[PDB]
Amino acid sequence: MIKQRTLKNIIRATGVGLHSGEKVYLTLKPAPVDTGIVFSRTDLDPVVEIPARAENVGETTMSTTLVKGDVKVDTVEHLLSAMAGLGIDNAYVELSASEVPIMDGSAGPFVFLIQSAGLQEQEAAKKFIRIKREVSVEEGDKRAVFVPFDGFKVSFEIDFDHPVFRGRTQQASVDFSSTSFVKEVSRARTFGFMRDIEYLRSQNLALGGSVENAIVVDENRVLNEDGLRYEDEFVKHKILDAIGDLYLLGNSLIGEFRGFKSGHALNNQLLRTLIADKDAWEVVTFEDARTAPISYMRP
């Protein structure tokens, strides 16, 4: 039996918002069975809770944002990617400000803090969304597609005409029957281009960004003096983002995702189209883990 998982102990962390530049205190807490991931703005009275679900996604221009009325929770995809890769079904995410801390720009710090606290399996079947039919959305030259697949794999292809990508292709495929999310995906940092940052800051965006929490690229080079963690770190973060955006479905996926220059906006459009086309998916459990198409590491 593949059981639901929550946190064994609370996780506490402080950081800065990538776009707001605000200092934020973060607390992850255990949650009962079938709670899902629920964000909670504890700086407000009364506290405002936003379930990390596709129906609550607001603006998506920079990062994935959850909204409830006039209240927002910004930049959720990196923490949600850590949630998905670790198999965490239920948790409360308390924040003292509107944006999740960026940490080092990747999901690595979140993954380490969670695994240091430990996970707790719960006495209930883990629910999966199994893709039954192909579902694709396009807009312009961008495309995102779900494909039936007995497992979970993610492929992505970006097409930048930038010298930092000169040499090789900008494509990567990850199949978690062999790829380690922790070792090969979680540490890929977000990236920004120096030409955009001065404009972004003019619009009160990317205010917390620096070489401490992002790969900074000029017209030719990565400016971080210590370089990259992966040779293909850029596309690996696109895969990291997709895994986090996909977890807004509320359950782990049994299927294949393929992204072609897709972003947070098209990712959410794919989820909304999938959810609406109930012929294309179903909820499944596995009463015997030994016959499941996926497996999780020990809690």
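Residue numbers run from 1 along the displayed sequence.
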Discussion item. Mean Cα B factor from the PDB record: higher for 283-291, or higher for 14-22?
Written reply: 283-291
Worksheet, complete the sentence: Between 177-185 and 73-81, the record assigns the higher mean Cα B factor to 177-185
Worksheet item: With respect to the C-alpha temperature factors reported in the PDB entry, which of 108, 140, 87, 148 ranks highest?
Response: 140
Response to the item:
Residue set 267, 273, 252, 60, per-entry CA B-factor max assigned to 60
Worksheet entry | Third of chain Cα B-factors occupied by residue 144 | lowest
Worksheet item: Considering only modelled residues of the same chain, in which third does the CA B-factor of residue 37 rank: lowest, middle or highest?
Response: lowest
Discussion item. Ranking every modelled residue in this chain by its Cα temperature factor as given in the entry, which third contains residue 241?
Written reply: lowest
Worksheet item: Within this chain, which third does the Cα B-factor at residue 170 fall in: lowest, middle or highest?
Response: highest
Discussion item. Sorting by Cα B-factor within the chain, modelled residues only, which third would residue 52 end up in: lowest, middle or highest?
Written reply: lowest
